[PDB]
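Enquirer: The structure file entry29.cif (mmCIF, N, CA, C and O atoms) is provided below.
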```cif
data_work
#
loop_
_atom_site.group_PDB
_atom_site.id
_atom_site.type_symbol
_atom_site.label_atom_id
_atom_site.label_comp_id
_atom_site.auth_asym_id
_atom_site.auth_seq_id
_atom_site.Cartn_x
_atom_site.Cartn_y
_atom_site.Cartn_z
ATOM 1 N N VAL A 1 -2.635 10.065 1.512
ATOM 2 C CA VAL A 1 -2.024 8.831 2.011
ATOM 3 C C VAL A 1 -2.825 7.604 1.573
ATOM 4 O O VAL A 1 -4.050 7.665 1.469
ATOM 5 N N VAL A 2 -2.141 6.467 1.481
ATOM 6 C CA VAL A 2 -2.401 5.357 0.553
ATOM 7 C C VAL A 2 -2.758 5.723 -0.892
ATOM 8 O O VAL A 2 -1.970 5.451 -1.801
ATOM 9 N N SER A 3 -3.824 6.500 -1.042
ATOM 10 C CA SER A 3 -4.406 7.032 -2.279
ATOM 11 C C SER A 3 -3.446 7.161 -3.466
ATOM 12 O O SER A 3 -3.523 6.408 -4.422
ATOM 13 N N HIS A 4 -2.476 8.071 -3.317
ATOM 14 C CA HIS A 4 -1.484 8.397 -4.344
ATOM 15 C C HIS A 4 -0.085 8.011 -3.881
ATOM 16 O O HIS A 4 0.784 8.849 -3.668
ATOM 17 N N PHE A 5 0.025 6.744 -3.457
ATOM 18 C CA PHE A 5 1.331 6.131 -3.168
ATOM 19 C C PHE A 5 1.686 4.896 -3.989
ATOM 20 O O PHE A 5 2.868 4.573 -4.124
ATOM 21 N N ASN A 6 0.678 4.203 -4.497
ATOM 22 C CA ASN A 6 0.768 3.217 -5.583
ATOM 23 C C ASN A 6 1.911 2.203 -5.485
ATOM 24 O O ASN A 6 2.205 1.706 -4.402
ATOM 25 N N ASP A 7 2.498 1.847 -6.628
ATOM 26 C CA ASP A 7 3.531 0.815 -6.800
ATOM 27 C C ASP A 7 4.503 1.299 -7.876
ATOM 28 O O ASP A 7 4.123 1.461 -9.035
ATOM 29 N N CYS A 8 5.705 1.656 -7.427
ATOM 30 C CA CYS A 8 6.638 2.508 -8.188
ATOM 31 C C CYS A 8 7.012 2.025 -9.584
ATOM 32 O O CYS A 8 7.588 0.953 -9.733
ATOM 33 N N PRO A 9 6.759 2.843 -10.610
ATOM 34 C CA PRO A 9 7.204 2.572 -11.976
ATOM 35 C C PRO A 9 8.723 2.707 -12.113
ATOM 36 O O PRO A 9 9.271 3.790 -12.257
ATOM 37 N N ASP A 10 9.384 1.547 -12.130
ATOM 38 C CA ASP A 10 10.837 1.431 -11.916
ATOM 39 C C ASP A 10 11.736 1.749 -13.111
ATOM 40 O O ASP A 10 12.566 0.965 -13.566
ATOM 41 N N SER A 11 11.637 3.014 -13.514
ATOM 42 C CA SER A 11 12.518 3.706 -14.455
ATOM 43 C C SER A 11 13.396 4.759 -13.768
ATOM 44 O O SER A 11 14.621 4.740 -13.915
ATOM 45 N N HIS A 12 12.763 5.552 -12.914
ATOM 46 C CA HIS A 12 13.340 6.719 -12.234
ATOM 47 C C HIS A 12 13.513 6.504 -10.722
ATOM 48 O O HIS A 12 14.506 6.908 -10.118
ATOM 49 N N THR A 13 12.475 5.902 -10.152
ATOM 50 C CA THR A 13 12.382 5.425 -8.764
ATOM 51 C C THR A 13 13.478 4.473 -8.272
ATOM 52 O O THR A 13 13.430 4.012 -7.132
ATOM 53 N N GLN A 14 14.415 4.138 -9.163
ATOM 54 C CA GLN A 14 15.832 3.881 -8.875
ATOM 55 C C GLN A 14 16.596 4.697 -7.833
ATOM 56 O O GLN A 14 17.779 4.466 -7.603
ATOM 57 N N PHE A 15 15.890 5.589 -7.150
ATOM 58 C CA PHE A 15 16.097 5.837 -5.711
ATOM 59 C C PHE A 15 16.331 4.545 -4.915
ATOM 60 O O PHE A 15 16.971 4.584 -3.869
ATOM 61 N N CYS A 16 15.676 3.466 -5.332
ATOM 62 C CA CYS A 16 16.024 2.092 -4.955
ATOM 63 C C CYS A 16 16.196 1.159 -6.155
ATOM 64 O O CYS A 16 15.356 1.086 -7.044
ATOM 65 N N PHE A 17 17.270 0.375 -6.051
ATOM 66 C CA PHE A 17 17.656 -0.646 -7.046
ATOM 67 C C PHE A 17 16.912 -1.956 -6.828
ATOM 68 O O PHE A 17 15.994 -2.294 -7.574
ATOM 69 N N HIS A 18 17.182 -2.619 -5.701
ATOM 70 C CA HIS A 18 16.486 -3.832 -5.251
ATOM 71 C C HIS A 18 15.579 -3.473 -4.072
ATOM 72 O O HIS A 18 15.665 -3.974 -2.961
ATOM 73 N N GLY A 19 14.645 -2.597 -4.434
ATOM 74 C CA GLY A 19 13.691 -1.956 -3.516
ATOM 75 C C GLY A 19 12.337 -1.710 -4.200
ATOM 76 O O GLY A 19 12.189 -0.845 -5.052
ATOM 77 N N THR A 20 11.366 -2.497 -3.748
ATOM 78 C CA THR A 20 9.951 -2.402 -4.138
ATOM 79 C C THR A 20 9.310 -1.210 -3.415
ATOM 80 O O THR A 20 9.032 -1.243 -2.226
ATOM 81 N N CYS A 21 9.523 -0.086 -4.097
ATOM 82 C CA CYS A 21 9.119 1.256 -3.656
ATOM 83 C C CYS A 21 7.637 1.592 -3.812
ATOM 84 O O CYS A 21 6.932 1.153 -4.721
ATOM 85 N N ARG A 22 7.179 2.357 -2.819
ATOM 86 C CA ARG A 22 5.906 3.082 -2.819
ATOM 87 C C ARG A 22 6.183 4.557 -3.132
ATOM 88 O O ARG A 22 6.907 5.247 -2.427
ATOM 89 N N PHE A 23 5.732 4.921 -4.327
ATOM 90 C CA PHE A 23 5.916 6.258 -4.900
ATOM 91 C C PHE A 23 4.834 7.210 -4.398
ATOM 92 O O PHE A 23 3.778 7.396 -5.011
ATOM 93 N N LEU A 24 5.167 7.805 -3.261
ATOM 94 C CA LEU A 24 4.376 8.835 -2.552
ATOM 95 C C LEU A 24 4.279 10.103 -3.392
ATOM 96 O O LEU A 24 5.043 11.058 -3.228
ATOM 97 N N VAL A 25 3.259 10.126 -4.245
ATOM 98 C CA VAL A 25 3.053 11.145 -5.279
ATOM 99 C C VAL A 25 2.791 12.519 -4.658
ATOM 100 O O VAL A 25 3.390 13.500 -5.092
ATOM 101 N N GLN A 26 2.002 12.539 -3.586
ATOM 102 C CA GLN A 26 1.708 13.780 -2.856
ATOM 103 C C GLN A 26 2.938 14.473 -2.260
ATOM 104 O O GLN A 26 2.876 15.626 -1.826
ATOM 105 N N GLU A 27 4.016 13.705 -2.170
ATOM 106 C CA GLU A 27 5.365 14.111 -1.758
ATOM 107 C C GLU A 27 6.429 14.040 -2.853
ATOM 108 O O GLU A 27 7.597 14.349 -2.627
ATOM 109 N N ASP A 28 6.036 13.532 -4.026
ATOM 110 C CA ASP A 28 6.884 13.102 -5.149
ATOM 111 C C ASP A 28 8.049 12.166 -4.839
ATOM 112 O O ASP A 28 8.910 11.923 -5.679
ATOM 113 N N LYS A 29 7.845 11.384 -3.784
ATOM 114 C CA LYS A 29 8.915 10.674 -3.065
ATOM 115 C C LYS A 29 8.786 9.154 -3.123
ATOM 116 O O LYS A 29 7.800 8.600 -2.628
ATOM 117 N N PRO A 30 9.759 8.452 -3.699
ATOM 118 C CA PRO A 30 9.899 6.998 -3.502
ATOM 119 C C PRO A 30 10.386 6.695 -2.091
ATOM 120 O O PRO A 30 11.218 7.419 -1.528
ATOM 121 N N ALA A 31 9.688 5.771 -1.438
ATOM 122 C CA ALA A 31 10.121 5.117 -0.202
ATOM 123 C C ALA A 31 9.940 3.599 -0.283
ATOM 124 O O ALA A 31 8.900 3.114 -0.728
ATOM 125 N N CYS A 32 10.933 2.873 0.222
ATOM 126 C CA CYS A 32 11.193 1.507 -0.246
ATOM 127 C C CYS A 32 11.032 0.398 0.786
ATOM 128 O O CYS A 32 11.495 0.496 1.928
ATOM 129 N N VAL A 33 10.491 -0.704 0.282
ATOM 130 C CA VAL A 33 10.637 -2.055 0.869
ATOM 131 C C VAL A 33 11.847 -2.668 0.169
ATOM 132 O O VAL A 33 11.764 -2.997 -1.015
ATOM 133 N N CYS A 34 12.986 -2.679 0.841
ATOM 134 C CA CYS A 34 14.157 -3.430 0.355
ATOM 135 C C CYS A 34 13.827 -4.917 0.223
ATOM 136 O O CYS A 34 13.154 -5.484 1.084
ATOM 137 N N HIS A 35 14.219 -5.487 -0.904
ATOM 138 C CA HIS A 35 14.051 -6.925 -1.201
ATOM 139 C C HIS A 35 14.630 -7.780 -0.074
ATOM 140 O O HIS A 35 15.598 -7.400 0.584
ATOM 141 N N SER A 36 14.062 -8.974 0.081
ATOM 142 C CA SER A 36 14.353 -9.891 1.190
ATOM 143 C C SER A 36 15.826 -10.316 1.237
ATOM 144 O O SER A 36 16.294 -11.110 0.427
ATOM 145 N N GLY A 37 16.538 -9.625 2.123
ATOM 146 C CA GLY A 37 17.980 -9.784 2.342
ATOM 147 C C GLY A 37 18.877 -8.631 1.893
ATOM 148 O O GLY A 37 20.105 -8.743 1.924
ATOM 149 N N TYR A 38 18.280 -7.511 1.503
ATOM 150 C CA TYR A 38 18.980 -6.263 1.163
ATOM 151 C C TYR A 38 18.709 -5.172 2.202
ATOM 152 O O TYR A 38 17.687 -5.144 2.889
ATOM 153 N N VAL A 39 19.718 -4.300 2.307
ATOM 154 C CA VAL A 39 19.692 -3.030 3.043
ATOM 155 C C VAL A 39 20.166 -1.873 2.164
ATOM 156 O O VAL A 39 20.660 -2.045 1.051
ATOM 157 N N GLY A 40 20.017 -0.681 2.736
ATOM 158 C CA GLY A 40 20.469 0.578 2.128
ATOM 159 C C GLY A 40 19.286 1.489 1.808
ATOM 160 O O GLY A 40 18.227 1.004 1.405
ATOM 161 N N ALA A 41 19.503 2.799 1.911
ATOM 162 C CA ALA A 41 18.559 3.779 1.374
ATOM 163 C C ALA A 41 18.214 3.564 -0.104
ATOM 164 O O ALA A 41 17.040 3.584 -0.455
ATOM 165 N N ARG A 42 19.206 3.111 -0.875
ATOM 166 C CA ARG A 42 19.007 2.774 -2.293
ATOM 167 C C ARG A 42 18.783 1.281 -2.549
ATOM 168 O O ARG A 42 18.847 0.801 -3.685
ATOM 169 N N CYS A 43 18.462 0.561 -1.479
ATOM 170 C CA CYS A 43 18.302 -0.905 -1.422
ATOM 171 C C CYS A 43 19.193 -1.685 -2.395
ATOM 172 O O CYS A 43 18.752 -2.244 -3.397
ATOM 173 N N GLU A 44 20.497 -1.482 -2.199
ATOM 174 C CA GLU A 44 21.492 -2.090 -3.092
ATOM 175 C C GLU A 44 22.541 -2.976 -2.418
ATOM 176 O O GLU A 44 23.173 -3.806 -3.061
ATOM 177 N N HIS A 45 22.614 -2.890 -1.089
ATOM 178 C CA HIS A 45 23.632 -3.610 -0.302
ATOM 179 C C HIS A 45 22.978 -4.879 0.257
ATOM 180 O O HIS A 45 22.102 -4.803 1.109
ATOM 181 N N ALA A 46 23.309 -6.009 -0.355
ATOM 182 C CA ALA A 46 22.911 -7.295 0.224
ATOM 183 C C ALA A 46 23.569 -7.501 1.597
ATOM 184 O O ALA A 46 24.778 -7.372 1.769
ATOM 185 N N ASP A 47 22.681 -7.741 2.555
ATOM 186 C CA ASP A 47 22.911 -7.638 4.006
ATOM 187 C C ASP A 47 23.714 -8.793 4.587
ATOM 188 O O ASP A 47 23.558 -9.127 5.768
ATOM 189 N N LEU A 48 24.720 -9.239 3.841
ATOM 190 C CA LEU A 48 25.474 -10.496 3.976
ATOM 191 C C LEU A 48 24.808 -11.681 4.673
ATOM 192 O O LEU A 48 24.325 -12.589 3.998
ATOM 193 N N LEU A 49 24.733 -11.605 5.999
ATOM 194 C CA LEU A 49 23.984 -12.586 6.809
ATOM 195 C C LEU A 49 22.462 -12.443 6.750
ATOM 196 O O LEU A 49 21.711 -12.951 7.575
ATOM 197 N N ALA A 50 22.004 -11.625 5.797
ATOM 198 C CA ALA A 50 20.769 -11.794 5.031
ATOM 199 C C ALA A 50 20.156 -13.191 5.001
ATOM 200 O O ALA A 50 18.910 -13.256 4.978
#
```
For the file at hand, write its structure as structure tokens.
Expert:
Amino acid sequence: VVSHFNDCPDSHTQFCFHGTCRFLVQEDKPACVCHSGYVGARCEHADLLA
């Protein structure tokens, strides 16, 4: 934890689109900070009243 979670290389980690992901390597898992005013697991739905 923290160690191998880094800052996602955004080629594949398109698990999120507009999502500044932390690529949890020990889990092989992208998990995302959706950009300011977006929602979604894939951080693609602008949250209208965003």
Enquirer: Please provide as a PyMOL selection string all residues within 6 Å of range 38-49 of chain A, with the sequence filter that same-chain residues fewer than 3 positions apart are discarded (counting only N, CA, C and O atoms).
Expert: chain A and resi 14-19+34-35
Enquirer: Residues of chain A in strand (DSSP E or B) according to DSSP, as a PDB file with N, CA, C and O atoms, in the coordinates of the input?
Expert:
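Below you can see selection16.pdb, which holds the result:
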```pdb
ATOM      1  N   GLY A  19      14.645  -2.597  -4.434  1.00  0.00           N
ATOM      2  CA  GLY A  19      13.691  -1.956  -3.516  1.00  0.00           C
ATOM      3  C   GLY A  19      12.337  -1.710  -4.200  1.00  0.00           C
ATOM      4  O   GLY A  19      12.189  -0.845  -5.052  1.00  0.00           O
ATOM      5  N   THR A  20      11.366  -2.497  -3.748  1.00  0.00           N
ATOM      6  CA  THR A  20       9.951  -2.402  -4.138  1.00  0.00           C
ATOM      7  C   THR A  20       9.310  -1.210  -3.415  1.00  0.00           C
ATOM      8  O   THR A  20       9.032  -1.243  -2.226  1.00  0.00           O
ATOM      9  N   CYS A  21       9.523  -0.086  -4.097  1.00  0.00           N
ATOM     10  CA  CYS A  21       9.119   1.256  -3.656  1.00  0.00           C
ATOM     11  C   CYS A  21       7.637   1.592  -3.812  1.00  0.00           C
ATOM     12  O   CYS A  21       6.932   1.153  -4.721  1.00  0.00           O
ATOM     13  N   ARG A  22       7.179   2.357  -2.819  1.00  0.00           N
ATOM     14  CA  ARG A  22       5.906   3.082  -2.819  1.00  0.00           C
ATOM     15  C   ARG A  22       6.183   4.557  -3.132  1.00  0.00           C
ATOM     16  O   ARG A  22       6.907   5.247  -2.427  1.00  0.00           O
ATOM     17  N   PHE A  23       5.732   4.921  -4.327  1.00  0.00           N
ATOM     18  CA  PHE A  23       5.916   6.258  -4.900  1.00  0.00           C
ATOM     19  C   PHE A  23       4.834   7.210  -4.398  1.00  0.00           C
ATOM     20  O   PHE A  23       3.778   7.396  -5.011  1.00  0.00           O
ATOM     21  N   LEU A  24       5.167   7.805  -3.261  1.00  0.00           N
ATOM     22  CA  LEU A  24       4.376   8.835  -2.552  1.00  0.00           C
ATOM     23  C   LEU A  24       4.279  10.103  -3.392  1.00  0.00           C
ATOM     24  O   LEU A  24       5.043  11.058  -3.228  1.00  0.00           O
ATOM     25  N   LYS A  29       7.845  11.384  -3.784  1.00  0.00           N
ATOM     26  CA  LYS A  29       8.915  10.674  -3.065  1.00  0.00           C
ATOM     27  C   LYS A  29       8.786   9.154  -3.123  1.00  0.00           C
ATOM     28  O   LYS A  29       7.800   8.600  -2.628  1.00  0.00           O
ATOM     29  N   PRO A  30       9.759   8.452  -3.699  1.00  0.00           N
ATOM     30  CA  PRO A  30       9.899   6.998  -3.502  1.00  0.00           C
ATOM     31  C   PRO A  30      10.386   6.695  -2.091  1.00  0.00           C
ATOM     32  O   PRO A  30      11.218   7.419  -1.528  1.00  0.00           O
ATOM     33  N   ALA A  31       9.688   5.771  -1.438  1.00  0.00           N
ATOM     34  CA  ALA A  31      10.121   5.117  -0.202  1.00  0.00           C
ATOM     35  C   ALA A  31       9.940   3.599  -0.283  1.00  0.00           C
ATOM     36  O   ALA A  31       8.900   3.114  -0.728  1.00  0.00           O
ATOM     37  N   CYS A  32      10.933   2.873   0.222  1.00  0.00           N
ATOM     38  CA  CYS A  32      11.193   1.507  -0.246  1.00  0.00           C
ATOM     39  C   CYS A  32      11.032   0.398   0.786  1.00  0.00           C
ATOM     40  O   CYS A  32      11.495   0.496   1.928  1.00  0.00           O
ATOM     41  N   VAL A  33      10.491  -0.704   0.282  1.00  0.00           N
ATOM     42  CA  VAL A  33      10.637  -2.055   0.869  1.00  0.00           C
ATOM     43  C   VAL A  33      11.847  -2.668   0.169  1.00  0.00           C
ATOM     44  O   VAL A  33      11.764  -2.997  -1.015  1.00  0.00           O
ATOM     45  N   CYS A  34      12.986  -2.679   0.841  1.00  0.00           N
ATOM     46  CA  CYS A  34      14.157  -3.430   0.355  1.00  0.00           C
ATOM     47  C   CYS A  34      13.827  -4.917   0.223  1.00  0.00           C
ATOM     48  O   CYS A  34      13.154  -5.484   1.084  1.00  0.00           O
ATOM     49  N   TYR A  38      18.280  -7.511   1.503  1.00  0.00           N
ATOM     50  CA  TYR A  38      18.980  -6.263   1.163  1.00  0.00           C
ATOM     51  C   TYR A  38      18.709  -5.172   2.202  1.00  0.00           C
ATOM     52  O   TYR A  38      17.687  -5.144   2.889  1.00  0.00           O
ATOM     53  N   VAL A  39      19.718  -4.300   2.307  1.00  0.00           N
ATOM     54  CA  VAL A  39      19.692  -3.030   3.043  1.00  0.00           C
ATOM     55  C   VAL A  39      20.166  -1.873   2.164  1.00  0.00           C
ATOM     56  O   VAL A  39      20.660  -2.045   1.051  1.00  0.00           O
ATOM     57  N   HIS A  45      22.614  -2.890  -1.089  1.00  0.00           N
ATOM     58  CA  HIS A  45      23.632  -3.610  -0.302  1.00  0.00           C
ATOM     59  C   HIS A  45      22.978  -4.879   0.257  1.00  0.00           C
ATOM     60  O   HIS A  45      22.102  -4.803   1.109  1.00  0.00           O
ATOM     61  N   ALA A  46      23.309  -6.009  -0.355  1.00  0.00           N
ATOM     62  CA  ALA A  46      22.911  -7.295   0.224  1.00  0.00           C
ATOM     63  C   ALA A  46      23.569  -7.501   1.597  1.00  0.00           C
ATOM     64  O   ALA A  46      24.778  -7.372   1.769  1.00  0.00           O
TER      65      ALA A  46
END
```
Enquirer: What gap, in Å, lies between atom N of residue 1 in chain A and CA of residue 33 in chain A?
Expert: 18.0 Å
Enquirer: For CA of residue 29 in chain A and CA of residue 50 in chain A, determine how far apart the two atoms are, in Å to one decimal place.
Expert: 26.7 Å
Enquirer: Can you turn the PyMOL selection byres ((chain A and resi 5) around 5) into a concrete residue list for this file, as a PyMOL selection string?
Expert: chain A and resi 2-4+6-7+22-25
Enquirer: Could you check how far atom O of residue 30 in chain A sits from atom C of residue 8 in chain A, in Å to one decimal?
Expert: 10.6 Å
Enquirer: If the box runs along x, y and z of the file and leaves 8 Å on each side of range 14-31 of chain A, what are its centre and edge lengths in Å, one decimal, as lines of an AutoDock Vina configuration file?
Expert:
```
center_x = 9.7
center_y = 5.8
center_z = -4.7
size_x = 32.1
size_y = 35.6
size_z = 25.0
```
